[PDB]
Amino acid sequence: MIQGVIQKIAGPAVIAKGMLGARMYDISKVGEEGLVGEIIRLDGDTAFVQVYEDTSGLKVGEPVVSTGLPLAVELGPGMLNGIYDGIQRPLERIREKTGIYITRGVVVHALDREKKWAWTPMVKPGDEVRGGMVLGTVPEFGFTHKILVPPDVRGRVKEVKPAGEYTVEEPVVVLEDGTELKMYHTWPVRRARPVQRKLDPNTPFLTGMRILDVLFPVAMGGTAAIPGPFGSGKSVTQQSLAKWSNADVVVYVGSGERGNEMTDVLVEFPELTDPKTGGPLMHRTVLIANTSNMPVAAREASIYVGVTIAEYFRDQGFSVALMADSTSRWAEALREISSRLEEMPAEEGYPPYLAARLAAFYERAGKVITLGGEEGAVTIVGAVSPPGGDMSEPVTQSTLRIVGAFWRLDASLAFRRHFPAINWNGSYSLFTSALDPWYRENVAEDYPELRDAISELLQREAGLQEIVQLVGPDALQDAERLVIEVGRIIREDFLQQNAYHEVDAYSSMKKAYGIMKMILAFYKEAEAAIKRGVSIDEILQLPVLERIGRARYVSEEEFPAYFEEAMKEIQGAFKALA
C-alpha cells in the first residue's frame, strides 16, 4: 500500500508521483473512482500505470494507490455456474449493480461474500499442513470442492471451525503461526500454480467423438487446436466435449468475441445437460466471457485468469477441460497492448512475444500429481479463428508448433452434411504413439492395428476418388469399387456421430472397437468374395450392411451382444454367397 497522486494522464496511461516503494506489476487504484491499473515502469519517484479502464475525466492531482500485489484471481467456492469477465469479475453482479451497460470503476468480488457454505473440516489441531493439502470440504453443486492450503503456506493447526455454515471470508482454519486460512486464497495469474510433478501423455482424453478419440486423440492434459471457421459446427463439437469428456470440470474462457457470438454462449450453455447427473452442465463450468469493446487488458488476461482458475480445479484432483475460443482474438489483444505500450511493431503484425506467450499459457497445460498428492489435469483445446481462412497467421503456426494435435474443422464437410465436420486428411495427433500401451491394455491387444487399418483404408479411399477424378470409375480394378465403398462405410457409420442423438451422441473405445472390427470383418469377407467371382453389387446388396449402419445408434450396454451376433452374421451371410 503506497500513496501517490496523478502527475500525468495520456489515454489509458498515467504517471503517479510520490508512490515510493511501489513495485513492478502491482495493481494500482487510480483516480477518485479507484480505476484498476498496473505499474509497468518505475522511474525515480514515479510509476507508469496502465489503466485497465477508460481514464477520460480524470484530473491531474487525484489519488493513486498501490494494492501492493500483482494481478490475482480468487480461488475458492463460488466460481462454478459463474460468469466472469477476463479479470475475474462476476458479470451478473455487475449487471445487477449497474444495468445493461458496463460502468467503469465497479467493485464487486469474484467470490460471493454473503453466501453461506457447508464446511466439513478434515484436519484437527496439532495436524501439520503443507501447501495444497485438503483442509476440508464444501459442497458446490455436484462437486466436493476441496478447501486447499495455499501453496507456499505451511505450519501446525491451532484451531479449526467445527462443521457448520460459513462464508468464504471466515477463518475456517488457523495456524500456530497465527495464519488464518479461509475457504479461498488469492493467487497471481501470470505465475503457474505449482504442482508436485508433471506427468506423461500416456493416458487418453476421452472426448466421446470417435474421429478424435480413435484417429487424432489427445492425452490427458494434452493440448489441441481447432480452426473454428464458419459453416462447420464449431459450437456443437465444442459443446459435446464439455458434456461427454472424462473431465470433472470445464473452464471456457472466451474473450475478444463478437457480442452475439459470446452471447450465444451465455444463453446456450445454461440449457445443456450433464449426462452424469441429469441436470445442467453449467453447474460444473466456469465461463470467462469477453467482447470486442470490453477493455483491452481483460481480453488478454482472459486465457490467464482462465488457466489459473483451471489450475485451481486441477489442484483439487479433477480433470479440467479448458477451451479458449478465440485464441487468435486473444492474440489480437496481445497486439494492441504491445502497440499501446508504444512498442515498435514486429514482423508480420504481431509483437515477437506472441509465441513465447502462447506457450507460457499453453505449457501450463499438463496432467500432474498435484501438491495435495491426488492426480489431476488440464487438457487445453484452443480454437484458432481467422475468417481469412489462412493457416499462415503467425498465430496458427505458433499454436501448431506447440499443441499435441489439431482437429481441422471444415465447412465443406458440413455442407455435405458430414458431422462433426473434422477433416481426417488435414487433422493429426502427436500423442498416438505413447497411448498405444494404454490402448492394448484397456481397449484390446489389437487396438492400434485396427485403427491403423482404418486410417489406411481412408488414405486409399482419399487417393482413389483422385484416380477416379481423372480417368473415370470404369478404370477401377475390383478391389477399388470395394475400397471406395468401405471408405464410404467408415464415413457414414464410423466418422459420423449424431450429436443431438440420445445414443450416438457418445461412443466409448470398446464400442468404437466393435464398430471398427465389424467394418474390417465385412471388408475382408468381401475381399475374399470378389476374388471368388462374387458380384460386388451383390455384396453391396447384403442386409447386414444395415447391422453395421444402425450400430452407432445402439445402447452402449446392448452393444456387446450386438457386436457378437453381428460378427457372427458377417460369416453366415458371406458363407451363404457361394
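The numbering used is simple: start at 1 and walk along the sequence shown.
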| item | value |
| --- | --- |
| Mean C-alpha B-factor comparison - 181 to 189 and 495 to 503, higher one | 495 to 503 |
| Per the entry, higher mean C-alpha B factor between 23 to 31 and 513 to 521 | 513 to 521 |
| Member of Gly388, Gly306, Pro125, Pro150 with the greatest C-alpha B factor (per the PDB record) | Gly388 |
| From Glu176, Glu343, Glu92, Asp248, residue of greatest CA B-factor | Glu343 |
| Within-chain third of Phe415 by Cα B-factor, per the entry | highest |
| Third of the chain, ranked by Cα B-factor, where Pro217 sits | middle |
| Ranked against its chain, the third holding the CA B-factor of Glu480 | highest |
| B-factor third for the C-alpha atom of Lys115 within its chain | lowest |
| Chain third (lowest, middle, highest) by recorded CA B-factor, residue given as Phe313 | lowest |
